[PDB]
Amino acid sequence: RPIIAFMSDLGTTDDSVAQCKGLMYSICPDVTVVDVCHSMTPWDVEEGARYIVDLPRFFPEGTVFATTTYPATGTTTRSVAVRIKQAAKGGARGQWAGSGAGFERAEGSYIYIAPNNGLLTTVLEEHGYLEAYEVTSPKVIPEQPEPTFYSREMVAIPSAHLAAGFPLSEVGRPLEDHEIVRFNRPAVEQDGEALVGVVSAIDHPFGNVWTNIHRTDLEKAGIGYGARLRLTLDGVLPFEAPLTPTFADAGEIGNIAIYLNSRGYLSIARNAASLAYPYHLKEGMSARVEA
């Protein structure tokens, strides 16, 4: 039972995704293709990264992540295929996913295949890796790749060979670390007792607000649950709430909750109401926090 978990920016409006899916079933008859999502902001590798980094602990070992936004499509660049190290505990407290105590996932048990454009930055940082390869072998990519559709040609297709048991180290030469392109994570700065970060995303469809201010960033300025926090978005909209586990802790429908999202990050929202949408709060706006 092989599984390819598919993430791209191909959208949900035409047959793009299906074409990849057609190819995946054609290469690996028994595959289950799990859509991650296909609707990220085109070419936004940083956004992409957020969608792919938290996956491994949820999927059965041997799962293959075909993760792609490919602005460099049709160029000589080639995909990188890495087998990640730890599945890594994640979440508001840092645990294994699943029922009971969660499902402990053995190391070396997932492979990502992605453009070598930085998409895998956070994956590599949070999970580490055992081995990394340039996807150049004509046994796993087309001999005449479609100039514009490298998401299909240099990702989908070879994700399928990988799902189908094609040995990882045969896709092309090993890549040294400096050859795996990285992007720079926007850093969280401890100026004063405060923590400056950014709204790193809007949590659709609810309009919850997500900052890049991680738990660890918080537990080092003191801040843990119960703590009365002042959170300031866009530099002008301040907000006050205690840090709480969840939304209903805010009290009435509409009230502000400051909480840690399911990825471990300081977030803000309204209890059973959208905070972002009425106020057009958006990704890229700054975000300060202090108790």
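Residue positions are given as counts along the sequence shown, with the first one as 1. In this text, rigid core is short for the largest set of C-alphas that superpose within 1.5 Å between two forms.
Of the two segments 82-90 and 192-200, the one whose CA positions lie farther from the displayed form in 7 other deposited structures of this protein, once all are superposed on the rigid core, is 82-90. Between stretches 183-191 and 121-129, the one whose Cα atoms sit farther from the displayed model in 7 other deposited structures of this protein on average is 183-191 (core-aligned, root mean square). As listed in the deposited structure, the average C-alpha B-factor of 127-135 and of 213-221 is greater for 213-221. The stretch 222-230 shows the higher mean C-alpha B-factor when 250-258 is compared against 222-230 in the entry. Which of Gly74, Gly165, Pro186, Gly172 has the largest Cα B-factor in the deposited entry comes down to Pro186. The entry assigns its greatest Cα B factor, within the set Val181, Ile157, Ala201, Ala92, to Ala92.
Sort the chain's modelled residues by C-alpha temperature factor and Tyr150 lands in the lowest third, per the entry. When the modelled residues of the chain are ordered by their C-alpha B factor, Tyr112 lands in the lowest third.
The deposited CA B-factor of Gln86 belongs to the highest third of values across its chain. Among the modelled residues of its chain, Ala97 has a C-alpha B-factor that falls in the highest third according to the deposited record. When all modelled residues of the chain are sorted by CA temperature factor, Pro205 is found within the middle third.
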